[PDB]
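Chains as they are written, first to last, in the authors' numbering: chain E, 6 to 501; chain D, 6 to 501; chain B, 6 to 501. Below you'll find the structure, written out as structure tokens, and then a few comments.
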Amino acid sequence: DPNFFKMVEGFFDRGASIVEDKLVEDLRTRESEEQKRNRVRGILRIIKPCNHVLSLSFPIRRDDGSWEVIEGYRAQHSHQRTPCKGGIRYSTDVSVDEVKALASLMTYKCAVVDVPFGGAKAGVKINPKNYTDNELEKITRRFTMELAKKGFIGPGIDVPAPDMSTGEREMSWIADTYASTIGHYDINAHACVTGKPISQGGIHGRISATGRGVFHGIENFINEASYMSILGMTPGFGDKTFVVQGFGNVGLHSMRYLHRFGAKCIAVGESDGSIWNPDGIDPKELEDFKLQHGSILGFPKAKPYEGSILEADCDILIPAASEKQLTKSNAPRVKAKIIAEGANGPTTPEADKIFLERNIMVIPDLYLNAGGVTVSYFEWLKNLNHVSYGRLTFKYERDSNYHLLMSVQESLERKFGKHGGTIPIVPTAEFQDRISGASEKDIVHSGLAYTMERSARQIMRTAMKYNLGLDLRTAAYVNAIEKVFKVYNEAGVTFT
Amino acid sequence: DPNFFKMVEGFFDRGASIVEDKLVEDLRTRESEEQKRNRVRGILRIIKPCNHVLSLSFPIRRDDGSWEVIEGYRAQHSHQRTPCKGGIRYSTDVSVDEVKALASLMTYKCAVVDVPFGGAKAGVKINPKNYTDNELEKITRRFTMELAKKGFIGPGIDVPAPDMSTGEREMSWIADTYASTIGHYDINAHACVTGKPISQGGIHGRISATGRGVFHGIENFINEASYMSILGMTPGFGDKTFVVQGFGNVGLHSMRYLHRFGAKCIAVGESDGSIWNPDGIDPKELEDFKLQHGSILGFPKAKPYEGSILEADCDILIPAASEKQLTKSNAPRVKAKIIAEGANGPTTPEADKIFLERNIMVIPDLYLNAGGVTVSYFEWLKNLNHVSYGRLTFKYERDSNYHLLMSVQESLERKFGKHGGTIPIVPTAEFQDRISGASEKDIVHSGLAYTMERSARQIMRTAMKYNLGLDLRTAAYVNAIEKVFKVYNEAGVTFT
Amino acid sequence: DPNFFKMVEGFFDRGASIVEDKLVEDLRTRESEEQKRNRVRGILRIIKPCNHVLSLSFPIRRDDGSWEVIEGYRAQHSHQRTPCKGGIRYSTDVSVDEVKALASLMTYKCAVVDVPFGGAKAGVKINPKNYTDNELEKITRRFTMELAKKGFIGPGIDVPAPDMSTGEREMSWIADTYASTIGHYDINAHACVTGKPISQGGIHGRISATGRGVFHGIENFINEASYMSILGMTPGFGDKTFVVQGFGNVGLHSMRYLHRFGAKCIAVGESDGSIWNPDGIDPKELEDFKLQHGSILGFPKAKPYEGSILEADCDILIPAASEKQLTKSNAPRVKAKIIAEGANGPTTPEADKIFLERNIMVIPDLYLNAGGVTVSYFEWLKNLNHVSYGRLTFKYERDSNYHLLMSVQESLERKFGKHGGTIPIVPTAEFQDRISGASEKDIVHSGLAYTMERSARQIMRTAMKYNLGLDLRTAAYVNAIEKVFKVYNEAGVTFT
């Protein structure tokens with residue numbers, strides 16, 4: 006039951022050693038100078054540790070009038086890619102080593118989904134419950150200030166983001182505080198932080214992002230005969246049956262999209278209890294049940310399962326919640342053949358070894374829930390373009406599409422003595438609804454898909470190159486370390 | 006006749022009270038702290054008044070050598086949307102109230118056409134006719150300087166624009182003066198002001214912008230069966246017949262585009278006289294007549310009407326000139342069912358109540374002449390993009406289009422033993438032209454059309470929502486207020 | 006009675022026309038180009054009107070939770086001298102015209118005392134008595150912010166200052182708000198405003214500044230045989246007898262210092278009533294009386310005089326209170342020969358003419374109460390020096406002094422067989438107190454005295470140059486206009 010930090014770090018060292026060799030021979034061994042290039046692995050030593058970590062201690066006057074000093078910290082893992090990216094966590098269980106760890110994860114994660122951002126992470130030792138909306142605000146802002154004055158929040162330095170503990174409300178404050186203070190003259194002040202309200206410069210499709218990422222991440226592999234054979238998957242009768250642990254944002258959507266495409270949800274577990282039903286569970290029903298009242302407990306059309314759903318018999322198990330939920334203990338008691346990490350670090354290193362032994366394909370957090378980050382990239386861009394995606398092309402494109410059809414029509418009618426006989430100028434029903442309901446989220450969603458696909462293939466190619474089996478995790482880390490390295494390498498350090 | 010500031014104010018307060026109640030219940034009553042969220046209407050009382058207004062006296066050495074002080078002002082209504090936008094006036098009738106008023110209009114007008122700009126407006130108590138080109142330049146530059154040193158010109162702060170009293174020449178100077186002085190280090194210096202020459206970073210399709218706007222504005226509503234029924238329009242034999250008051254550069258185009266689509270111009274006024282002809286009047290002909298010599302008076306194919314063509318018997322009357330031309334007096338004497346405000350404030354509040362009483366749909370100036378602004382937004386972006394729209398797509402697109410058609414061809418050929426029989430690969434005449442002559446102005450004009458439309462639906466949906474009839478005006482202002490509010494709300498003021 | 010604007014403007018014109026002529030002839034008629042140099046009096050036309058004037062409307066959330074919008078303005082008269090200087094007034098009566106006027110006064114006043122600052126002046130339509138300390142703060146800050154973002158509050162742009170309606174507490178806030186936000190990177194952030202607490206970067210000797218100024222102003226003229234003869238003053242039996250109208254800060258000190266040097270206070274009025282006693286009145290007593298309880302009414306050793314002390318028979322009458330207290334009505338009824346304006350505009354133009362008819366010397370407000378400003382200059386400097394005056398010289402000096410004395414002693418003891426006989430190494434009692442209690446205030450107070458004196462002689466010289474009598478006012482303005490002009494002239498405008 007290791008702890009985040011000594012989990013990630015292992016993962017790195019793992020896929021650091023596996024790259025070192027190859028990373029010298031073949032890649033750069035044709036201009037080998039004193040074969041001391043193997044001492045250039047010092048670039049890997051630099052990548053491992055966070056380059057900067059700022060600890061704070063600011064005060065805020067509670068609503069009752071009493072003073073109080075809040076402590077928090079933000080760590081920036083790497084700068085290989087200028088603008089650092091990472092969330093902000095409001096919890097009373099947020100250690101410097103936790104942030105440092107997550108921040109490390111970020112860099113690699115971003116690499117995997119080709120996002121030009123360095124890994125960061127922030128944490129404020131506070132418990133939102135114990136503060137009033139007004140207080141919270143006061144905190145986020147004073148935080149933003151300090152964070153700014155020391156180069157830890159800037160649209161070209163570090164762009165924060167929400168976490169399970171924080172929301173778009175906070176982000177909106179961060180943004181605004183910044184813009185109305187130290188970034189007053191910055192024409193891209195609002196790009197200092199993402200995950201903010203649409204009105205404040207947010208990007209359409211943020212919410213569903215992470216969730217949709219999980220889906221495409223699974224999709225890409227579930228549709229790869231090769232892998233699906235090693236597991237004896239891509240059925241004919243069974244088709245697809247999954248389970249999701251944690252009905253949060255990510256979990257909910259993950260079950261929405263997964264279900265939409267033929268998969269059947271057999272079990273959903275939460276902090277409270279769980280749910281079971283071989284027949285299937287409908288996303289909207291369970292969603293409206295959890296929105297109408299308390300939790301998911303006492304949901305009709307579903308027997309209350311007891312304990313975690315991590316042992317429910319299904320094909321795909323998606324851990325979209327807490328940390329380290331799959332350990333060396335319950336690792337051999339999992340039915341599922343595929344584990345989709347819809348969260349960070351939901352499986353321990355020991356558990357990984359087991360799963361590998363009994364052919365269990367674990368889709369890396371490092372890649373699966375990199376959907377939010379991918380879209381946050383878009384939000385950043387959308388603030389640099391200062392325009393909502395497709396604002397200037399939708400109409401143009403529409404016209405061009407109708408000209409295309411009209412050309413086929415006129416050109417097919419000139420193969421007959423008519424002037425309105427053939428009727429190609431009519432788009433399909435789907436294609437019509439697309440055109441008529443074109444909107445930013447469509448450009449976003451599509452860009453997401455594209456990235457999750459490209460990345461997927463990339464991981465697969467890397468797992469076939471280093472002969473790995475279903476160890477997609479290390480593959481991904483390796484993939485990442487190779488990218489981060491290349492940047493550093495093709496420059497240096499001080500003589501970079 | 007009330008003045009411009011009284012009107013606009015009234016309009017605001019009108020919409021402001023309409024919103025208030027719905028703005029609390031339904032749209033935020035779900036987490037209603039001690040229902041004091043009625044006291045949040047303060048937001049509205051912050052939005053109403055301009056938040057800044059700079060008055061300034063600056064000297065210039067007249068050509069003859071003599072010194073003279075020039076006084077002018079610039080008012081920034083709101084900063085809810087960072088870059089303020091507004092035009093510069095050069096008239097000896099300006100008045101700190103006027104600029105405050107028009108700057109108030111701008112904010113709302115931008116909101117309507119989803120343009121991320123705050124409302125601003127400048128004014129220099131001067132009369133261009135009494136100053137040499139050289140002098141005028143001196144002025145516009147000094148003015149830019151002072152305006153810059155105080156934060157009232159700046160690609161991120163405030164982006165000025167031309168008015169009927171200024172031109173691209175001036176704007177060019179403003180842009181250059183700024184980029185050669187204060188904004189020397191700003192990589193977006195030439196985005197400090199719009200409406201500039203092409204060679205100075207201007208955007209194609211500026212001249213026809215406002216005009217085209219008018220058209221689309223009208224078009225969107227004259228295509229809506231619902232509204233066209235309440236009037237008894239969208240006829241089968243009368244089709245469309247319109248009249249334009251003021252043959253300026255908005256009026257002229259308005260006629261051109263209106264006419265080009267099956268509408269017949271039956272009357273065209275001016276500041277001199279008028280024109281009449283139930284058979285119709287050709288735009289080109291009347292244009293060439295005006296351009297070839299003097300005014301439109303003495304135009305063949307047309308009997309010299311006497312008085313204002315605001316009484317002519319037509320379907321659509323488009324006031325594209327002076328201010329307050331439709332008052333309580335002549336309000337009842339109109340024969341047109343639709344009044345398209347191709348100018349600002351061409352109808353008084355009293356007139357509006359009359360037109361409503363005798364079912365007369367008045368398309369708001371707040372929306373109908375927002376075309377120019379909409380495009381100015383594009384110019385700004387163009388300047389930030391550092392590339393002419395389409396530059397890197399036109400060719401790519403072209404290719405992709407041909408491949409599309411080729412596919413349909415080849416594909417269809419397969420259903421026949423021939424390799425050249427069916428020729429879909431040929432684009433319609435129109436489509437060809439479009440492809441061959443693809444320029445920036447096409448992307449621009451299309452983006453415009455897309456904004457006018459979306460905005461038109463938005464206004465309609467708002468009208469229906471607050472069960473407003475043909476009072477599109479208030480409906481628009483309400484629509485605006487709502488937007489501007491949302492921004493403020495989803496943040497605050499100091500604790501924003 | 007004419008308002009402040011009308012007056013100050015008149016004063017300017019007056020001096021302006023007196024300087025024009027001479028300002029061309031002997032000054033610069035040697036290079037005389039075209040003799041058009043008269044047309045270079047345009048300079049003057051630029052100097053008269055304020056160059057900028059910002060009007061704002063910013064919100065604050067009152068303690069009760071309600072939301073109000075505060076309106077206020079700042080006006081910068083001239084920039085001829087880089088940092089503008091001027092106070093901030095918190096009263097319901099403030100009017101754009103008022104600030105403009107007072108700003109205008111500053112520029113000239115500073116010129117008189119050789120202070121390198123432009124003339125500025127703020128104003129916030131608000132009555133401090135209606136707001137809680139918290140609320141006041143919240144206003145000063147939000148005001149400082151908006152005032153900064155538009156270039157009306159920086160250490161090198163415009164340095165505000167306290168008024169009778171605002172104190173050091175508000176300044177402190179201004180300073181801090183600025184240095185925490187916009188000016189965060191400015192190493193001289195705390196030089197953005199003056200009149201702030203000592204612990205915030207304030208200079209020692211600010212409270213006795215304006216008062217002491219009034220004293221040295223009077224002292225310099227009451228010591229000039231020439232002027233004192235025209236009035237038959239500098240007596241040998243009557244010595245000195247004065248009267249002060251207004252027992253505010255300036256008035257109190259004025260009496261303290263005046264009295265300390267032989268004068269004899271015979272009457273002191275207030276907003277309530279007055280006091281009279283030919284025998285004399287002791288500052289400390291009357292001070293303690295006021296402090297101890299209520300006003301000055303009921304004070305022992307003094308018969309309650311009814312009305313204004315302006316008519317009390319005395320030598321020097323010092324109006325240290327409200328505006329326009331000496332008009333064309335009571336002007337003839339004055340018994341004093343000298344009128345020391347310890348306030349701004351306490352005598353109307355029409356009163357001035359009268360006093361000049363019956364040889365009454367009126368020492369100009371423009372000069373007399375320029376003591377505060379003079380010291381505020383020091384405070385500014387103090388903040389830019391980053392060290393308290395004397396900090397690194399007191400000790401050194403002390404030592405030097407003793408060595409001086411000990412050199413006289415040893416040297417004198419060498420003219421007599423004795424090593425200890427003569428004792429010149431002993432300072433006087435006064436000297437010793439000075440040495441032992443050396444502190445910043447001393448350096449300040451000295452510098453102030455030096456300025457008031459040099460400025461006094463400058464005024465005189467001017468008066469005698471332009472052959473003005475006891476019309477010290479115009480003489481001062483003229484003296485100012487000359488200075489301001491010289492700057493502009495020895496440069497230009499655009500081609501400056």
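Where is the CB? At the ideal position from N, CA and C, for every residue including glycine.
Best match in the options for proximity to residue i [C-alpha to C-alpha]
i	options	result
residue 254 of chain D	D:393, D:170 and D:391	D:170
residue 119 of chain E	E:7, E:496 and E:481	E:481
residue 440 of chain D	D:403, D:180, D:184 and D:144	D:403
residue 11 of chain E	E:27, E:54 and E:293	E:54
residue 582 of chain E	E:218, E:374 and E:240	Any answer about residue 582 of chain E is impossible in this case: the structure gives chain E only from 6 up to 501.
residue 276 of chain D	D:267, D:315, D:261 and D:238	D:315
residue 468 of chain E	E:320, E:226 and E:251	E:226
residue 329 of chain E	E:348, E:91, E:367 and E:61	E:348
residue 408 of chain D	D:60, D:50 and D:429	D:429
residue 377 of chain E	E:234, E:90 and E:155	E:90
residue 134 of chain D	D:105, D:97 and D:184	D:97
residue 100 of chain B	B:123, B:127 and B:113	B:127
residue 61 of chain B	D:105, D:131 and D:26	D:105
residue 346 of chain E	E:114, E:59 and E:68	E:114
Rounded C-alpha distance that separates residue i from residue j
i	j	result
residue 370 of chain D	residue 117 of chain D	11 Å
residue 125 of chain D	residue 381 of chain D	14 Å
residue 121 of chain D	residue 491 of chain D	13 Å
residue 436 of chain E	residue 436 of chain D	20 Å
residue 366 of chain E	residue 476 of chain E	7 Å
residue 160 of chain E	residue 199 of chain E	10 Å
Cβ-based burial, residue i [other Cβ within 10 Å; buried from 16]
i	result
residue 379 of chain D	buried
residue 305 of chain B	exposed
residue 203 of chain D	exposed
residue 79 of chain E	buried
residue 215 of chain D	buried
Beta-carbon proximity check, residue i vs residue j, cutoff 8 Å
i	j	result
residue 457 of chain B	residue 221 of chain B	yes
residue 547 of chain E	residue 168 of chain E	With chain E covering 6 to 501 only, the question about residue 547 of chain E has no answer from this structure.
residue 478 of chain B	residue 17 of chain B	no
residue 21 of chain D	residue 486 of chain D	yes
residue 483 of chain D	residue 24 of chain D	yes
residue 144 of chain E	residue 164 of chain E	no
residue 361 of chain B	residue 474 of chain B	yes
residue 433 of chain D	residue 405 of chain E	no
Proximity test, Cβ basis, 8 Å: residue i and chain A
i	result
residue 496 of chain D	The chain labelled as chain A is not found among the protein chains of the depicted structure, namely E, D and B.
Three CB pairs or more closer than 8 Å across the stretch 99–109 of chain E and the stretch 75–90 of chain E: yes
Could you say if the stretch 254–265 of chain D and the stretch 320–329 of chain D meet the contact criterion of at least three C-beta pairs nearer than 8 Å? yes
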